Every structure is written in structure tokens, then in C-alpha cells.
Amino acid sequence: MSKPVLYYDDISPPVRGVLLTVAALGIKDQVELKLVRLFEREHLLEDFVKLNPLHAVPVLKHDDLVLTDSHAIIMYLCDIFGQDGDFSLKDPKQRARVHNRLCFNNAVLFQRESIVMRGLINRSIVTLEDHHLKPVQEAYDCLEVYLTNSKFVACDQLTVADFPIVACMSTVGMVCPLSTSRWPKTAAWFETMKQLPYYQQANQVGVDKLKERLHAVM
């Protein structure tokens, strides 16, 4: 009866990782959305800052629980809605495999992605030199290893760990594109992700919006 409320702006890759998860879990009707538009600065309103001192999206509120990181939101939603399905995290080693890749997205891929994208968005960077994209390419190399050792990022099955990564990969891809030559396992995985039926609505919409803003800044 109690519905989680997702505070979100789908231009954000972390948000889209959540939106992808909600869709894959089949719980779109079970999660209420509350738009928090970054470019309008609604994330700096007193109510939202009180909700999350990081003044960032996404945020999940469920009863009195407040999660302020897309990755914790994703694992929490798997725990309460996905325990008995294909995305289950009940097994401790499977849970750890998935969490390990969520950590990789949060602490490596999204960090390096964000540096570049925030730089362009706020005009701190004007020209992308190679040194801007080198950390992203190092993250691609790690991802290529992971996708050599298993079919998806965390194991041979799709898991929620694939969603934040693809959300990031489809963002920073527009400034640091994947080479099939250089990263064949990752390019193939990315195409497969793109074929998911909920990808268009849960991720591409927001990516296109961000592409509009990026073409405007460039």
C-alpha cells in the first residue's frame, strides 16, 4: 500500500539507472515519480535540500526511509520488489557480484563521466583534449575485461548492475564513443542493452534531452 516516491530528472544517468531498474522489475505502477528539474534548480529548494543535503537526484522516499544514491535505491528496490524474480539478490555471492559492479559505476565510471559532462555543461571545459577522456577510456578497458569474463557486467545474466552502467555509457558515449575495434565485448553488450524494450523510454528520452543541452553548450 505504501508506495516509494522517486525524486528524479531523467537527464541524470544515476536517475536513468533507477528508471531502467523500475522498468526491468515491472514496478512502474508501484513507484510514484516526483520531478525535480536540475536546469530549473528545483534541487536547491529548501524542501529538497532538507530531504537530501547533497541536493542531487535521484532520491527515494519510502515511509520514513530516505535513500540518496541511485545505487542504494536500486539495491533496495530489488530487495523489496524483486526477491522472487530474475533480478533477485537473495544469494549473498550474487548480491556481492552485483554490488561490486554498482560500486564500479558509482566510484569509477560515473565519477569520471560526471567530471567531463559537468565541465561541458558549465563551460569549464571548452575543448575536449585527450587527457579529459583518458580516465573514461581506462574505465572502458575495465568494463571490457568484465564483459570478457561474463556475458553481462556482473555475471552471465542481466542484473540491475547493468542499468547504471548503461545509463552512464550512453551519456559519456556522446563525447567519448566506443570503438568496436578497441572494446568489442562492450560495444556488443551496449547494443544488446539498447534492444531492451524499456530502454527507449527509461533511458533514451533523457539521453536525447541531454544531447540537446550539450549541442546548445557546444
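Residue indices: 1-based, along the sequence shown.
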**Prompt:** Between us, would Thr127 come up missing in a third or more of the other compared entries?
**Reply:** yes
**Mean C-alpha temperature factor, higher of 198-206 and 14-22** = 198-206
**Request:** Would you determine, from the values in the PDB entry, which of 84-92 and 135-143 has the greater average C-alpha temperature factor?
**Result:** 84-92
**Request:** Can you pull the Cα B-factors for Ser70, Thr180, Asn52, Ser170 from the entry and say which is highest?
**Result:** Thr180
**Item:** Out of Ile74, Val126, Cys103, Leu109, highest CA B-factor residue
**Value:** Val126
**Message:** Sorting by Cα B-factor within the chain, modelled residues only, which third would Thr159 end up in: lowest, middle or highest?
**Reply:** lowest
**Complete:** Entry-reported C-alpha B-factor of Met193 relative to its chain, by third, is middle
**Request:** Among all modelled residues of this chain, ranked by Cα B factor, put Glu32 in the bottom, middle or top third, i.e. lowest, middle or highest.
**Result:** middle
**Complete:** So, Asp47's CA B-factor, relative to its chain, sits in which third? The lowest
**Asked** If you rank every modelled residue in this chain by C-alpha B factor, which third holds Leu65: lowest, middle or highest?
**Response** middle
